[PDB]
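Now for the letters of each chain:
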Amino acid sequence: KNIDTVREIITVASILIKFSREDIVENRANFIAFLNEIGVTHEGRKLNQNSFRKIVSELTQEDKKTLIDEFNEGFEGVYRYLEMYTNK
DNA sequence: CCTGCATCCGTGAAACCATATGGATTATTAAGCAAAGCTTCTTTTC
């Protein structure tokens, strides 16, 4: 379904903020322009801000859990250091 | 002067005035923004 399109969204976000290029995620319209030029596609077309908030909105809680769990896999070296000093 | 004793010092187990002043705080406004809502094009139904 659309869940796979969201998977490529967060994966491109993972590469994007992983390679020290941050400022293009927090602003939204330029980010959607970036996603449209790299050629992601939900239902045969480009991405609208309404369409973006729908596809983020129309979404299941367990799938969201799956997406953040998949997202945390690249950022493992940060989290091991993060929790090694919090084992109280 | 140099051999010979003493010791002793270390060492561990008040109030105000005045005057700037600028930095800190508050108000005030332009920008912007997410969310909503027209307007037309497809898409699905009988």
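As recorded in the PDB header, cryo-EM is the method behind this entry, and the stated resolution is 3.79 Å.

Participant: Before we go on, may I ask you to explain the overall build of chain A in this structure?
Facilitator: Looking only at helices and strands, one finds 6 helices and 0 strands in chain A. Element order for chain A, N to C, with α for helix and β for strand: α-α-α-α-α-α. Principal axes of the C-alpha set define a box for chain A whose edges measure 50 × 30 × 15 Å. The proportion of buried residues among the 88 residues of chain A is 20%. Contacts in chain A between residues at least 24 apart in sequence constitute 55% of all its contacts with a sequence separation of at least 6. Approximately 6,900 Å² of chain A is accessible, and the part contributed by carbon and sulfur atoms is 51%. Each charge sign in chain A was given a centre, from 13 positive and 15 negative side chains, and these centres are 4 Å apart.

Participant: Help me understand the side chain of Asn2 in this model?
Facilitator: In this structure, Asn2 sits in helix α1 (residues 2-18). With relative accessibility at 15%, the residue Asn2 sits in the buried group. If we ignore the near neighbours within four places in the chain, the residues touching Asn2 are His42, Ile55 and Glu58.

Participant: Would you take a moment to explain the nonpolar core for this structure?
Facilitator: As a rule of thumb, nonpolar side chains are buried together in soluble globular proteins. Judged by nonpolar contacts, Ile9, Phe31, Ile32, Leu35, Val40, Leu47 and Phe52 together constitute the single largest core of 7 residues. Non-local contacts of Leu35, meaning those with residues more than four positions away in its chain, are made with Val12 and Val40.

Participant: Teacher, can you tell me more about the packing of aromatic side chains here?
Facilitator: The relation between two aromatic rings is expressed through the spacing of the ring centres and the mutual angle of the planes. Scanning the entire structure with this criterion turns up 2 aromatic pairs. Pairing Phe71 with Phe75 gives two aromatic rings, centres 5.1 Å apart and planes at 45°, and the pair type is tilted. Owing to a relative accessible area of 15%, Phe75 belongs among the buried residues under this scheme. Note on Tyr81 and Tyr85: the rings are 5.3 Å apart at their centroids and 70° apart in plane angle, and the pair reads as edge-to-face. Above the plane of the ring of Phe75 lies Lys18, whose end atom (NZ or CZ) is 5.5 Å from the centre.

The rules we used
- Residues numbered from 1 in each chain as written, not as in the entry; some residues may be left out.
- Chains lettered and ligands numbered in written order.
- Part of a larger assembly, values for the part shown.
- Heavy atoms only, no water.
- Helix = DSSP H or I, 4+ residues; strand = E, 2+ residues; numbered from the N terminus.
- Buried < 20%, exposed > 50% of the residue type's maximum accessible area, 1.4 Å probe, protein only.
- Contact = heavy atoms within 4.5 Å.
- Areas by Shrake-Rupley, 256 points an atom, 1.4 Å probe, with all protein chains shown as cover.
- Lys, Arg positive; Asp, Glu negative; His and termini not counted.
- Charge placed at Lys NZ, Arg CZ, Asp CG, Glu CD.
- Core = buried A, V, L, I, M, F, W, Y, C linked by side-chain atoms within 4.5 Å.
- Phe/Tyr/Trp six-rings, centres within 6.5 Å; stacked < 30°, edge-to-face > 60°.
- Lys NZ or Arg CZ within 6 Å of the ring centre and 35° of its normal.

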